[PDB]
Amino acid sequence: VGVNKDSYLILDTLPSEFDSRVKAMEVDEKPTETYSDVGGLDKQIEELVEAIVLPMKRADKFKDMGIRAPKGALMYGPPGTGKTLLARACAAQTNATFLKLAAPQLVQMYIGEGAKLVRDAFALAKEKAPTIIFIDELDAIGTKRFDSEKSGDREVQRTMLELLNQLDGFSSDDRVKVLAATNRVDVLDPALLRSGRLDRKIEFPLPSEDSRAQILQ
Amino acid sequence: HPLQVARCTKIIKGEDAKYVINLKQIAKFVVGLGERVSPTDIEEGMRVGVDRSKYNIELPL
Amino acid sequence: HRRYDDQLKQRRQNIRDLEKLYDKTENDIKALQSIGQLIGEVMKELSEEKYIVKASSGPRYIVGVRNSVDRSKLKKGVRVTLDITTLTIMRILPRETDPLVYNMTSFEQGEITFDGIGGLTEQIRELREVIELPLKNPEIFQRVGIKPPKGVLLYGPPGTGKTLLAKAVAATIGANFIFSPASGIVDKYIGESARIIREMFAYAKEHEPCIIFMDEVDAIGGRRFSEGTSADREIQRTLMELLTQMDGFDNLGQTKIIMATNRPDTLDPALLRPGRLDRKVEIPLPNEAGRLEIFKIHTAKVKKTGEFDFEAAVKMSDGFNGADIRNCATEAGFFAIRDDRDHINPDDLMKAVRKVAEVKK
């Protein structure tokens, strides 16, 4: 809000902003990929569609049915098959804004600022809806252990907790999706037990003869 | 020019139709539109060019 | 004649409407010459002619007084107003908490009901009996001569609907719900971190009854990383302040603090000792009775063909709390989006509870 330099008084209000705008976030409005570009990954398309895409599309239907919408999935399992490529495909298909948010950038050595970053992510994500927040790593919104070194790993407990608290806050409405990706599942706080958190736990298997052949074509 | 945020700490010369760009925690001056083949922008309190927030000194020096 | 009368009423409107907008813009220049002045807070009063005040622009100054003050609203630790060019006490202000949403997000009441989340029954009752009864009636605790309860811990999964319970207790008392981000209590400046604990408590006393809810306590109540330090002294600075308020002359009974963490194995030994937490509620396995109530409640807001036998559904689980039960609901719903309907059979419901059980514990 716009304050006088030496008269200290609000003449006018200026648009919102807190820190730099899109500081930890990459913005890519609508990937160029399709499930006609990425193909042979078909079974991983089925899982993915039932967890996120159908609650987004048919949001109204979830409201009338009068269940709440799951907003989240967690993927683990091997990439090197086009895990990243599938994520962007889903993004293209639903017409979501793809936001690559890197978990190490939050994890700041400075106070809280990281907490604020998690909130800003939701805030823009809710304005841009549909949106997939695609989280590079899981090692810095997680890996907090259960020992007394979970003390040191505070910054990572706090970024995560907030993002979940915020999703269940708004679980009935499907606007924002959260996807985390890793090679393999890590130690985390319980969150796989709840619709409004990252309910869904999706496995990547390996290809088979039909799948290799499509991938070759 | 290297730089990790732009910081022209004044800007008398130069949506928007003039630059006032200064990327810092303690204050902010924000203009969305770069370019400026005349005056050729830059000058001022010198770290200048593109921003790690994308307001951007686009193409003076 | 007649037309002048039509236009006279009309152009007097075409004025009146401009005049008010137009007077207001002229008032913006007048306000621009009606200047503001900065606030600081009195560190301590030396004399009625010498004070130490900390201006909010940073340094400390010795100031005297100037025109337009009261001397009976003066005290240590009140905020005052100081001149831009004379740096003296021009007027005296109340002191203000500042309501925030950044380092203390306050939600008067909770946004989810306590009676509606029943089937989480055991936890609900323990929480009522520690919280509700002293808050409404201090008088009973006072007559016996044993103090009202201090601090409560919820421990066990946050994802089973712990969070729901905390909001829900706040809703029935009409208490002020104070949600705290523990990391946000981690500013890297002199005393900002002291200041937040202090503000949070002062405001709790004014706005009492209140729930002060501490989200994952390991960061304001660690144990140390390895006995070593990197940043785990900020954690100690925080933690001594909470122990001090407790130990103090100020007593917890209309301000209640509730700590939450998944694991009790990164709580400090100080807290685990009675008298900084004394009540420790654990999140249990349900009854057969608990599961039924929660299945019935979840499918009541839901649209369905057929009466549902919740009793089978309960058998098909073994100790699902409300969050686990919700995954089963949506699962059934997925075959219904496919079957191109907003209704679900009994038949869907049996399959659904079992697929969720198998994919975890």
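Every chain here is numbered from 1 following its written sequence, a scheme that can differ from the numbering in the entry; residues without coordinates are not drawn. Whichever chain is written first becomes A and whichever ligand is written first becomes 1, with later ones labelled in order. Any value mentioned applies to the visible chains, which represent part of a larger assembly rather than the whole. To get the side-chain values, all heavy atoms of the structure are used, and hydrogens and water are removed first.

J.: Honestly, the interface of chain A and chain B in this entry has me stumped. Any pointers?
T.: Many analyses report the size of an interface as the accessible area lost when the parts associate. A contact between two residues is defined here by any heavy atoms of the two lying within 4.5 Å. On the chain B side, the residues contacting the seven residues of chain A number seven residues. Computed with a 1.4 Å rolling probe, the buried area is the accessible surface lost when two parts are put together, summed over both parts. For the chain A and chain B pair, buried surface summed over both sides reaches about 550 Å², with 39% attributable to carbon and sulfur atoms. Contact with chain B buries area across many residues of chain A, yet A:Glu17, A:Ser20 and A:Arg21 alone supply 54% of it, more than any other trio. A 3.5 Å cut-off defines polar contacts: any pair of N or O atoms within that distance qualifies, except that in protein one atom must be a possible hydrogen donor and the other a possible acceptor, and neighbouring residues in sequence count only when both atoms are side-chain atoms. Our enumeration of links across chain A and chain B arrives at three residue pairs in polar contact. Partitioning the side of chain A that touches chain B into residue classes produces two nonpolar, one polar and four charged. Any residue outside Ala, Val, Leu, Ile, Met, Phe, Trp, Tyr, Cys, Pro, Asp, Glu, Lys and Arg is labelled polar, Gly included; the first ten of those are nonpolar and the last four are charged.

J.: Would you mind going over the pairing of strand 6 (residues 131-136) of chain A with me for this structure?
T.: Regular strands show a simple pattern: their side chains alternate between the two faces of the sheet. Residue and element names in this part refer to chain A. Here the term buried applies to any residue with accessible area under 20% of the maximum for its type, exposed to any over 50%, and partly exposed to those in between, with areas from a 1.4 Å probe on protein chains only. Strands are runs of DSSP state E lasting at least 2 residues, helices are runs of H or I lasting at least 4, and numbering of each runs from the N terminus. Counting buried residues in strand 6 gives five out of six residues, a clear majority hidden from the surface. Two strands are said to pair when DSSP picks up at least two bridges between them. Bridge count for strand 5 (residues 97-102) against strand 6 is six bridges, and the pairing is parallel. Pairing of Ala 102 across the sheet is with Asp 136, part of strand 6. A clockwise course of the path from the first strand over the helix to the second, judged with the strands pointing away from the viewer, identifies a crossover as right-handed. A crossover links strand 6 with its parallel partner strand 7 (residues 176-180), the connecting element being helix 6 (residues 154-168), and its sense is right-handed.

J.: Would you explain the packing of aromatic side chains in this entry?
T.: The way to describe two aromatic rings as a pair is by their centre distance and the angle between their planes. Stacked, edge-to-face and tilted labels apply to pairs of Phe, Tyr and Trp rings (six-membered ring for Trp) whose centres lie within 6.5 Å, assigned for plane angles under 30 degrees, over 60, and everything in between, in that order. By the definition in use, this model includes five aromatic pairs over all chains. Ring centres of A:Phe98 and A:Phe134 lie 5.3 Å apart, and the angle between their planes is 35°; this geometry places the pair in the tilted category. Placement of A:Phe98 in strand 5 and of A:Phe134 in strand 6 is noted, with a sequence separation of 36 residues between them. The pair A:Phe98 / A:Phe134 is uniform in exposure class, with both members buried. A ring pair is formed by C:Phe179 and C:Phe213, whose centres lie 6.1 Å apart and whose planes are at 40°; its orientation type is tilted. No difference in accessibility class separates C:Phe179 from C:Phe213, as the two residues are buried. Ring-pair connections join several aromatic residues into one group, and the members of that group are C:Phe177, C:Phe179 and C:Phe213. Think of it as a cone above the ring: NZ of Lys or CZ of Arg counts as a charge over the ring if it is within 6 Å of the ring centre and within 35 degrees of the ring normal. The cationic tip of A:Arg88 hangs over the ring face of A:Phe98; the distance from NZ or CZ to the ring centre is 5.6 Å. Over the aromatic face of C:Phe308 sits the side chain of C:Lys304, whose NZ or CZ is 4.0 Å from the ring centroid.

J.: Where do I start with the environment of A:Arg21 in this structure?
T.: Here A:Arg21 lies in the loop between strand 2 (10-12) and strand 3 (25-29). Once the C-alpha coordinates of A:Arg21 and A:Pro190 are considered, the two residues, 169 residues apart in sequence, prove to be 31 Å apart. Ignoring sequence-local partners within four residues, the contact set of A:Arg21 consists of A:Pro15, A:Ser16, B:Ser53 and B:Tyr55. Only 2.3 Å separates the side chain of A:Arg21 from the backbone oxygen of A:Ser16, close enough to count as a polar contact.

J.: Explanation requested: the interface of chain C and chain A in the structure shown.
T.: If you look at the interface, chain C gives 58 residues, while chain A gives 47 residues. Sorting the residues of chain C by area buried against chain A places C:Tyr102, C:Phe334 and C:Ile337 first, and these three jointly supply 15% of that buried surface. When a carboxyl oxygen of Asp or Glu is within 4 Å of a side-chain nitrogen of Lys or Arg, the pair counts as a salt bridge. In this structure, the connection of chain C to chain A is made through two salt bridges. Its salt-bridge partner being C:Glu216, residue A:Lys150 comes within 3.5 Å of it at the nearest N-O pair. Our count for the contact surface shared by chain C and chain A stands at 16 residue pairs in polar contact.

J.: What is the right way to look at the pattern of salt bridges in this model?
T.: Pairing is possible between side chains of opposite charge, provided their charged atoms come close. All names here are of chain C. Scanning the entire structure with this criterion turns up 33 salt bridges over all chains. Between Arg 125 and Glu 122 there is a salt bridge, and its shortest N-O distance comes to 3.3 Å. Note that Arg 125 and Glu 122 are positioned in helix 2 (residues 121-136) at a spacing of three residues, about one turn of the helix. Accessibility expressed as a relative area gives 36% for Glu 122, which makes it partly exposed.

J.: I would appreciate a short explanation of unusual backbone geometry in the present structure.
T.: Most peptide bonds adopt trans geometry, and most residues besides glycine take a negative phi value. In this model, A:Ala129 is joined to A:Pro130 through a cis peptide bond whose omega is -15°. Mapped onto the elements, A:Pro130 comes out in the loop between helix 5 (114-128) and strand 6. For the bond running from C:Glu208 to C:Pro209, omega is -15°, close enough to zero to count as cis. Along the chain, C:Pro209 falls in the loop between helix 5 (192-206) and strand 9 (210-215). Within the chain, C:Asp98 stands out as a residue other than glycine whose phi angle is a positive 85°. Note on placement: C:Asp98 falls in the loop between strand 5 (89-92) and strand 6 (105-108).

J.: Would you explain a nonpolar patch on the surface in this entry?
T.: Residues and elements named next belong to chain A. Exposure above 30% relative accessible area and the lack of any salt bridge qualify a residue for a patch; like charges then connect within 9 Å, and the nonpolar side chains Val, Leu, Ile, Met, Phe, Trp and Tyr within 5 Å. The protein chains shown are the only cover counted for residues, whose accessible areas, like all others here, come from Shrake-Rupley with a 1.4 Å probe. Nonpolar side chains collect at one region of the surface, where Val 1, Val 3 and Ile 10 lie side by side and expose about 300 Å² of accessible area between them. In this structure, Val 1 sits in the segment before strand 1 (2-3). On the basis of relative accessibility, which here comes to 64%, the residue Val 1 falls in the exposed class.

J.: How should I be thinking about the UniProt feature "binding site: ATP" in chain C in this particular structure?
T.: All names here are of chain C. Mapped onto the present numbering, the UniProt feature "binding site: ATP" falls at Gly 156, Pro 157, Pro 158, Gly 159, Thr 160, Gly 161, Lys 162 and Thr 163. Checked against the element boundaries, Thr 160 lands in the loop between strand 7 (151-155) and helix 4 (162-173). With respect to the helices and strands, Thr 163 occurs in helix 4. UniProt positions are given in the numbering used here, feature names are shortened, and annotations may be inferred rather than shown by experiment.

J.: What exactly am I supposed to notice about the packing of helix 1 (residues 42-57) of chain A against helix 3 (residues 83-94) of chain A here?
T.: Between two packed helices, the angle of one axis relative to the other and the distance separating the axes together describe the packing. Residue and element names in this part refer to chain A. Contact geometry for helix 1 and helix 3: axes closest at 11 Å, N-to-C directions at 50°. The pairing of helix 1 with helix 3 is recorded here as oblique in orientation. Relative to helix 3, helix 1 is oriented so that their crossing is right-handed. Every residue of helix 3 that contacts helix 1 at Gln 44, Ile 45, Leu 48, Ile 52 and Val 53 is listed here: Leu 86, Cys 90 and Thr 94. Note on geometry: axes are C-alpha line fits, over the in-contact stretch for helices, and angles between N-to-C directions span 0 to 180 degrees. Angular relationships are summarised with four words: roughly parallel below 35 degrees, roughly antiparallel beyond 145, roughly perpendicular across 65 to 115, and oblique for the angles in between. Each crossing gets its hand from how the near helix is turned against the far one by less than a right angle, where anticlockwise is left-handed and clockwise is right-handed.

J.: Help me understand the arrangement of the chains in this model?
T.: When the two pairs of chains in contact are compared, the highest contact count belongs to chains A and C. Without any contact between them, chain B and chain C keep their closest C-alpha atoms 12 Å apart.

J.: Just checking my understanding: could you explain the side chain of A:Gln44 for this structure?
T.: Here A:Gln44 is to be found in helix 1. Excluding its chain neighbours within four sequence positions, the residues that come into contact with A:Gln44 are A:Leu86, A:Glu203, A:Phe204 and A:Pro205.

J.: Even after reading the chapter, I still don't get helix 11 (residues 346-358) of chain C, so can you show me in this structure?
T.: Each full turn of the α-helix corresponds to 3.6 residues, which orients residues three or four apart in the same direction. All names here are of chain C. Within the sequence span of helix 11, burial applies to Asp 348, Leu 349, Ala 352, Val 353 and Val 356. When helix 11 is viewed along its axis, its buried side chains cluster within an angular range of 125° and face the same direction. Relative to its buried face, helix 11 has exposed residues pointing more than 90 degrees away, namely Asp 347, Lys 351, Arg 354 and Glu 358. Buried residues belonging to helix 11 abut helix 8 (288-300), helix 9 (310-315) and helix 10 (322-338). Think of it as the arc spanned by the lines of direction from the helix axis to the C-beta atoms.

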